[PDB]
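Residue numbers (this note's numbering), protein chains in the order written: chain L, 330 to 600; chain R, 182 to 249; chain Z, 330 to 600.
Virtual Cβ for every residue (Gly too), placed ideally from N, Cα, C.
I have placed the structure first, in the form of structure tokens, so that the comments after it can refer back to it.
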């Protein structure tokens with residue numbers, strides 16, 4: 330988060346924000362529950378009511394992550410349709426305009442397919458989170474039994490300190506305690522391992538997607554440079570278009586670079 | 182008789198693990214069930230040890246009292 | 330109290346009062362019962378009517394202390410809101426003014442959170458007072474029984490000095506007296522211990538809060554020094570503001586000093 334020490338819900342402008350004023354807030358921000366509907370909210374609340382207490386939060390996280398994946402795939406499909414129909418509109422235009430919008434449509438198609446691949450990786454990470462949820466929520470009943478048996482032992486001791494069940498219940502409490510402390514140890518180990526692996530995978534997918542999208546954007550801007558933005562004076566003829574070969578090579582190079590990209594090929598250097 | 186259900190749970194869980202492995206060796210429940218089997222086994226072998234100890238002590242004391 | 334030997338409800342001016350004339354009395358002193366309402370007064374009176382006689386005063390003290398804590402938390406929340414909305418007003422002003430009022434708002438926010446911490450300590454001290462009230466008010470019925478039994482013994486002796494109940498009642502009076510004198514001894518011991526511990530805790534919290542607030546005030550005055558109070562002549566332009574970094578370091582140092590403060594770090598030296 331970028332907030333400086335102030336009560337303001339506004340952050341100090343960065344270098345990009347200093348370069349130009351930020352655009353006004355989106356006009357599509359309507360008034361609603363802030364999420365669109367209620368069925369997924371009911372699912373989330375059910376995850377927050379019925380599940381075991383100590384696993385309830387992680388089950389809710391898994392459900393919300395599934396919602397995020399659903400929304401991401403839906404918006405990727407919608408972006409694909411938008412690119413297709415944008416190029417459809419650009420078909421009946423100037424030949425230069427038609428070619429430029431067609432190539433932009435292909436680039437957005439690549440962006441959509443890369444989004445789909447990142448979505449598959451994101452679902453793999455979500456499955457890992459589901460696995461850690463499962464193991465930890467199945468290790469919870471050990472401590473549940475420990476708490477129940479210690480409460481029963483306290484109640485029996487208060488009611489009848491000389492009851493014969495005291496010794497056997499004490500052995501059982503010891504046994505659940507040996508079952509439980511070291512189970513906590515194993516749970517911590519597996520939680521650390523699974524969390525580290527899943528988040529490393531997720532961040533590798535994130536950086537790969539970001540770098541591929543950045544390369545696509547750079548190639549698209551270089552190809553936009555090809556577009557002739559010089560206006561033609563009223564009443565004049567249309568100059569001939571000869572950018573088929575240049576955009577031809579540009580899209581060829583974009584595909585070649587996308588094939589060539591590797592995890593080590595990432596040029597992002599954190600400091 | 183109260184230490185018996187520990188081995189009962191161990192046998193039930195090992196049967197369930199064998200059945201799950203036969204039905205689906207790649208099922209996600211295999212790992213958690215294996216941890217639970219380990220846990221019941223750590224619960225059970227040393228419980229057998231303690232049971233042997235307490236059985237020896239109680240039997241010796243009771244029979245010494247009876248014979249006296 | 331600062332009153333000198335005079336009938337005046339006025340005290341000799343101190344060095345601070347000698348430096349400048351005291352401000353006139355507050356204009357918000359309205360006419361009312363002097364406390365605002367009646368429900369808490371009813372609670373206090375109920376504490377002063379229904380409870381055991383010798384514990385009634387301490388129960389009243391606990392109730393009044395709860396009232397004080399309620400008022401303190403309410404005024405801390407109101408001060409927090411005042412700081413927030415003051416900085417809100419200062420948002421639409423000069424950039425120097427905006428920054429200075431924002432940092433002052435953060436400082437008052439720190440004052441409010443320190444007040445909340447002191448309030449928690451004060452409630453711990455109030456709970457200790459409640460504990461001493463409980464033990465002493467539960468030891469009162471021993472002396473109550475002693476007084477009742479001695480009155481009964483006197484009445485029986487007057488009515489029938491040869492009654493057979495005289496001897497058994499005398500043994501019971503002896504027994505309550507052995508129950509009561511040494512109970513007074515134990516009550517004195519526990520009262521001394523609890524009072525000393527609770528008041529030491531309260532005064533430690535008081536001095537910690539005072540020192541932290543004093544450091545905040547000193548840093549705030551040093552930061553007010555940063556403000557450019559030089560007026561600009563009519564019709565002129567606004568000089569550029571460059572105090573972001575200086576206030577940046579000032580608030581950083583204030584936070585560092587607040588972290589560094591310890592009980593032994595207090596620089597107040599009573600003589």
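Tell me the residue span of the alpha helix (DSSP H) that contains residue i.
i              : result
residue 302(Z) : In this structure chain Z extends from 330 to 600, so residue 302(Z) is not present and cannot be described.
residue 470(L) : 424 to 488
residue 348(L) : 344 to 348
residue 229(R) : 210 to 248
Going along chain A, which residues have a C-beta under 9 Å from residue i?
i              : result
residue 431(Z) : The structure shown contains no chain A; its protein chains are L, R and Z.
Can you grab the Cα-Cα spacing for the pair residue i / residue j, in whole Å?
i              : j              : result
residue 469(L) : residue 600(L) : 41 Å
residue 523(L) : residue 457(L) : 7 Å
residue 351(L) : residue 592(L) : 33 Å
residue 569(L) : residue 580(L) : 21 Å
residue 386(Z) : residue 494(L) : 50 Å
residue 213(R) : residue 207(R) : 12 Å
residue 314(L) : residue 202(R) : With chain L represented from 330 up to 600, any question about residue 314(L) goes unanswered, as that position is not in the structure.
residue 376(Z) : residue 399(Z) : 17 Å
residue 365(L) : residue 455(L) : 23 Å
residue 557(Z) : residue 572(Z) : 10 Å
residue 532(Z) : residue 511(L) : 45 Å
residue 553(L) : residue 355(L) : 26 Å
residue 333(L) : residue 462(L) : 36 Å
residue 564(L) : residue 405(L) : 43 Å
residue 561(L) : residue 567(L) : 8 Å
residue 518(L) : residue 594(Z) : 41 Å
residue 381(L) : residue 521(L) : 21 Å
residue 340(L) : residue 378(Z) : 58 Å
residue 585(Z) : residue 428(Z) : 20 Å
residue 528(L) : residue 559(L) : 49 Å
residue 555(L) : residue 410(L) : 25 Å
residue 338(L) : residue 337(Z) : 54 Å
residue 426(Z) : residue 598(Z) : 37 Å
residue 459(Z) : residue 368(Z) : 21 Å
residue 353(Z) : residue 412(Z) : 25 Å
Identify, in the order they occur along the chain, each residue of the same chain with its Cβ nearer than 6 Å to the Cβ of residue i, setting aside the five sequence neighbours on each side.
i              : result
residue 447(Z) : 534, 538
residue 402(Z) : 448
residue 397(L) : none
residue 526(Z) : none
residue 424(L) : 570
residue 187(R) : 224, 225, 228
residue 383(Z) : 469
residue 627(L) : Because chain L here runs from 330 to 600, residue 627(L) falls outside it and cannot be looked at.
residue 583(Z) : 548
Residues in the same chain with beta-carbon distance under 8 Å from residue i, minus the five sequence neighbours each way, listed in chain order, please.
i              : result
residue 587(Z) : 439, 541, 544, 545
residue 408(L) : 437, 440, 441, 444
residue 453(L) : 530
residue 596(Z) : 540
residue 590(L) : 537, 540, 541, 544
residue 466(Z) : 380, 381, 383, 384, 387, 388
residue 194(R) : 214, 217, 218, 221
Should residue i be listed as close to the ligand ZN, given that the test is whether its C-beta is under 7 Å from any heavy atom?
i              : result
residue 404(Z) : With respect to small molecules bound, the structure shown includes none, and the ligand ZN cannot be examined in it.
Can you list, in chain order, the residues of its chain whose CB lies under 7 Å from that of residue i, leaving out five sequence neighbours each side?
i              : result
residue 191(R) : 221, 222, 225
residue 464(Z) : 519
Any 3 or more C-beta pairs closer than 8 Å across the stretch 548 to 560 of chain Z and the stretch 432 to 446 of chain Z: yes
Touching by the beta-carbon criterion (3+ pairs, under 8 Å), the stretch 536 to 545 of chain L and the stretch 340 to 357 of chain Z: no
With three or more C-beta pairs closer than 8 Å as the rule, is the stretch 410 to 423 of chain L touching the stretch 349 to 368 of chain L? no
What are the start and end residues of each continuous alpha helix (DSSP H) run of 4 or more residues lying completely inside the stretch 536 to 576 of chain Z, in chain order? none
Are the stretch 470 to 483 of chain L and the stretch 500 to 516 of chain L in contact at 8 Å, needing three or more beta carbon pairs? yes
Can you list the alpha helix (DSSP H) stretches of 4 or more residues lying completely in the stretch 347 to 391 of chain Z, in chain order? 368 to 376
The stretch 388 to 398 of chain Z contacting the stretch 371 to 379 of chain Z, beta-carbon criterion three pairs below 8 Å: yes
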